[PDB]
Structure formats: C-alpha cells, structure tokens
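Okay, structure first, notes after.
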Amino acid sequence: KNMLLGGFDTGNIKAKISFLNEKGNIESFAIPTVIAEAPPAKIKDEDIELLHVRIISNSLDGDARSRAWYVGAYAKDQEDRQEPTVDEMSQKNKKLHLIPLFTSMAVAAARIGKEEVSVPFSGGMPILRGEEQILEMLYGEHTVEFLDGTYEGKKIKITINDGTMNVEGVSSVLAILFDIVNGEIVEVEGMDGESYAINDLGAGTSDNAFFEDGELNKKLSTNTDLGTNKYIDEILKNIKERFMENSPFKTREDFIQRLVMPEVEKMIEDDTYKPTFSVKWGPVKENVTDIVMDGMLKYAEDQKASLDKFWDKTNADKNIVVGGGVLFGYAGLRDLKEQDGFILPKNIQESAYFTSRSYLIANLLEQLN
Ligand SMILES: Nc1ncnc2c1ncn2[C@@H]1O[C@H](COP(=O)(O)OP(=O)(O)OP(=O)(O)O)[C@@H](O)[C@H]1O
Ligand SMILES: [Mg+2]
Numbered sequence: 008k009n010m011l012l013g014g015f016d017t018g019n020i021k022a023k024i025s026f027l028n029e030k031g032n033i034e035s036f037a038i039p040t041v042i043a044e045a046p047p048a049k050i066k067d068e069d070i071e072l073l074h075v076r077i078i079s080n081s082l083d084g085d086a087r088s089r090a091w092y093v094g095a096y097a098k099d100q101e102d103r104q105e106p107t108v109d110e111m119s120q121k122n123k124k125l126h127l128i129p130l131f132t133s134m135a136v137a138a139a140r141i142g143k144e145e146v147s148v149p150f151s152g153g154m155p156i161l162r163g164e165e166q167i168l169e170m171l172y173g174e175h176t177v178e179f180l181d182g183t184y185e186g187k188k189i190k191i192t193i194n195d196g197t198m199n200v201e202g203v204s205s206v207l208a209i210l211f212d213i214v215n216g217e218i219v220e221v222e223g224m225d229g230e231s232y233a234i235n236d237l238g239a240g241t242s243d244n245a246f247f248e249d250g251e252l253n254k255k256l257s258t259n260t261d262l263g264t265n266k267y268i269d270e271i272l273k274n275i276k277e278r279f280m281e282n295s296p297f298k299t300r301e302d303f304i305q306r307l308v309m310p311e312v313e314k315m316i317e318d319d320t321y322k323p324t325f326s327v328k329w330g331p332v333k334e335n336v337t338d339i340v341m342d343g344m345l346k347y348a349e350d351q352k353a354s355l356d357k358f359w360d361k362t363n364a365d366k367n368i369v370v371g372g373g374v375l376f377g378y379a380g381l382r383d384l385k386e387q388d389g390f391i392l393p394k395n396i397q398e399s400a401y402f403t404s405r406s407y408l409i410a411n412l413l414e415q416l417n
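FYI, the numbering for the sequence shown is 8 to 50, 66 to 111, 119 to 156, 161 to 225, 229 to 282, 295 to 417, going by the entry's author numbering.
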C-alpha cells in the first residue's frame, strides 16, 4: 500500500501536517510558509531544517513549473525569500502555499520510507474558491526531489486524486474525541453538545468558530488577530532591554522551542512545578522569569476575556479551546480546566496540531468508508 494518510492545516505562519507513520501513530510537524528560488543543485524534526527541493507539478506555472526551491526555515535566511504579504490592515501566491504543502508531503513520505505515494487530501477552507476548486488545484502528480538535507537524492511521487475540505463538517472537532494508535481509539475525557465553540488560539490569529448541529454558524463564527506573536514580541523586547545594562534568539520559534517549550512541558505534567526562564546572551546569563511570565499571563487573561465575550455571543454549551496559544499561555489558561463551559484537550501537548489531527482522523474515517 503506497498510501500516505494525513491532515493538512495550512495557514500563513506555517503549514502543519499530521500523518500516520509506519507504526500507525500520528506524527506532526510544521513548515514555515516561506519559499525562495534555488539553483538546480546544492553547494526533533531535523529533516526539515534544510529543505532544498526540485518540484515538478502542473499546479505550478512559468517560473515555477519545474525548478528548485528552498522551503521553510532554510529559506527564512535567503535574501530573496518570499513570504505572505499581509495588508496594513492565488495566482501569484499559490506557489507560496503549494510548495510548502507538497514539501510536507514529500517529507512525510521520506519519513515512512516511501517514494510513491497517493495522498488523499484532508484540509480546511481558507480565511470564489469553492471546495472542489481548491481540490482541483491539487489533483494529479507532483514530484519532489531532495537536492540536499537528510533525504538528498530521494524523489517523491505524490499523487492526489481526491479530498475533502471538511467544509461545513464536524471533522473540525474530531481530535477532541479521538486519537489514532494504529487504529481509532476513543479518548478518555470530554465529557461531551449540540452547540460548541472551537477556539483555535494561533500565532497571528485566533479562530473563534461556533457549531450548531455540528455545522458552522457562519454569522457568529469569526477570526481575530489575537495571536501570540504580539505578546511574544513584547517579551523578547523586554529581555533584550534587561540585557542592555552591563538579540538572544533568531526567530520566535527559536524562543518557543528552546526557552519556553521545556518549561511548559514540565508545568503540564506537574501542577506544582514553578517555571524558570533563563537566557544566555554573550558573556551574560539573565533570569528573565518575571518577564516571560508577565507576557504569558497578560496573554492568558486577554484570551480569557475573548473567550467569555465569544461564549456570550453564542451561548454555546461547551467551549473547546485548542491551538498553540493554550500551551504558550498555559500558565493562566490551565485555569480553564476548572470551569464548566470549557473543554481543553486532555493530551494538551498535541494542542497546536489539533486541527491537523482532526483532519487526519477525518481522513482515516473516509478511507474506512
Ligand atoms: N509546546 C508549546 N509550548 C509553548 N508554546 C507553544 C507550544 N507549541 C506551540 N506554541 C506557540 O503557540 C503559538 C500558536 O501556535 P500554533 O501552531 O497554533 O500557531 P499557527 O496555527 O501557526 O497560527 P495561525 O493560527 O496564525 O496559523 C505560537 O506562538 C507557538 O510558537
Ligand atoms: Mg492556526
């Protein structure tokens, strides 16, 4: 069986994928939504640290049809990198999202030792492009060749024939109910109604979706810009200021990965653990625990207020809260484990991949018909 099963959650910060590995388990990772033009040849998740790929796809035109690219983190450093341009408030972009998408597909396939994969697509609609108009941009054959990195020399044959965009579907909430451990397993809490919110707390955006009869109420459902990133930017600015009485991190993800994630992990598995944050810069090592915690708490609080305001607007029976924001502001948001109308994933560590996980589960049910 040459099938790669995945859920694909593409935004403009990152392209997220959850897929079944050879062990039948969910494996998740994210590729930053950044590409850059690259020459025909070369010069946890280490295999995506350096992506130089040739892609051949009819879903790309002109410059793009059959050439080489840097993708993801490796491309964040290129001078001529392309990123999504946002406002002071497809066609030419489509490659900026298709290439990281296909690359994630080629990486997963490499991860499971395959080179011919059929990829039934399981995705979500963006934020004119009908469900099977998005799909038709993905259908057919695409080849991804690794010109460098861990997989140098591998060619992947990605075939996409079919797919869903989980459009009005309740595929969105599946990751709160199920896991995949070779096969579908129910998950031990939730504490399940006919009315629930899903708040996906993200890097640049908070998705505030509302469900009645499991289909999406388009009116009340909304998408704000209440991301973590702003709070993260404030924290990083204060850290640098403190070091400026006699930048420590590259990207926000570096800040998240090396400083913040291990402290949050501990906090999760032990309710008593008081976290500490230390930053090494130059010849100096500062304790920036108050700085970091202030940012998280201000974020948790702001999100607490946003969640209540959406709870009244909908008067939903249950309010599911997911996304990376739940981890970033866990310090204050764990309080939601107490309140009645709020549901946090039990497996909180997989909170950032909630939506991709839901799609992946949705995809597996489709296969089982
Ligand atoms: N384990 C963790 N501990 C602490 N913070 C985390 C953890 N996992 C993710 N985050 C942070 O949570 C925030 C949101 O992550 P998430 O993956 O939901 O963003 P996203 O889906 O890329 O955002 P958007 O909705 O804008 O596309 C980010 O700042 C991310 O770095
Ligand atoms: Mg998101």
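The C-beta atom is built at its ideal place from N, Cα and C for all residues, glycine as well.
Beta-bridge annotation (DSSP): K328 is paired with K333.
It is roughly 14 Å from the alpha-carbon of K187 to the alpha-carbon of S133. Sorted by position in the chain, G18, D236, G238 and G371 make up the residues whose C-beta lies under 6 Å from a heavy atom of ligand 2.
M315 has its CB no nearer than 7 Å to any heavy atom of ligand 1. Take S204, set aside five residues on each side of it, and the residues of its chain with a beta-carbon closer than 7 Å to its own are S406, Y407 and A410, in chain order. Contact annotation, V75 with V93: C-beta distance approximately 6 Å; criterion of less than 8 Å satisfied.
Close CB contacts of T176 within its chain, under the 8 Å cut and outside five residues either way in sequence, are with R76, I77, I78, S79, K188, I189, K190 and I191 (chain order).
With distances taken between CA atoms, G14 lies nearest to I33 out of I33, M224 and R103. Here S35 is bridged, per DSSP, to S25.
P331 is classed as exposed because its beta carbon has fewer than 16 other beta carbons within 10 Å across all chains shown. Taking a contact as a CB-CB distance under 8 Å, the pair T183 and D69 counts as one, their CB atoms being some 4 Å apart. At least one heavy atom of ligand 1 is found less than 7 Å from the C-beta of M309. A check of alpha carbon separations from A137 across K352, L207, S35 and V200 identifies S35 as the nearest. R382 has its Cβ no nearer than 7 Å to any heavy atom of ligand 1. Where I77 is concerned, the enclosing beta strand (DSSP E) starts and stops at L73 to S79. Under DSSP, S151 shares a beta bridge with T197. Nearest in C-alpha terms to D249, of all of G84, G202 and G372, is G202. Counted as a single uninterrupted DSSP element, the beta strand (DSSP E) harbouring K366 occupies residues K366 to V370.
Within the same chain, Cβ atoms closer than 8 Å to the Cβ of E144 are found at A138, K187, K188, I189 and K190, the five residues on either side in sequence being excluded. By DSSP's assignment, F297 forms no beta bridge with any residue. DSSP places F376 in the helix class (H, G or I) of the three-state scheme. For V93, DSSP records a beta bridge to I42 and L73. Under the three-state reduction of DSSP, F279 is assigned to coil, being neither helix nor strand. By the C-beta density criterion, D236 is buried, having at least 16 other C-beta atoms within 10 angstroms.
DSSP, read as helix, strand or coil, puts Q415 in helix.
Residue state for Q104 is assigned as strand, using DSSP reduced to three classes. Look at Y321 here: in three-state DSSP terms it is coil, with no helix or strand label. Taken in chain order, the whole alpha helix (DSSP H) runs of length 4 or more contained in the stretch 164-221 are 164-167. Judged by their CB atoms, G229 and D365 are nearer to each other than the 8 Å cut-off.
Sequence-distant Cβ neighbours of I339 in its own chain, meaning closer than 8 Å and more than five residues away, are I271, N274, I275, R278 and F325. A distance criterion of 7 Å places the beta-carbon of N9 beyond contact range of ligand 1, judged by its closest non-hydrogen atom. With a cutoff of 7 Å, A245 does not count as near ligand 1, since its C-beta is closer than that to no heavy atom of the ligand. Ranked by how close their Cα comes to the Cα of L168, the residues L127, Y401, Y267 and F179 have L127 in first place.
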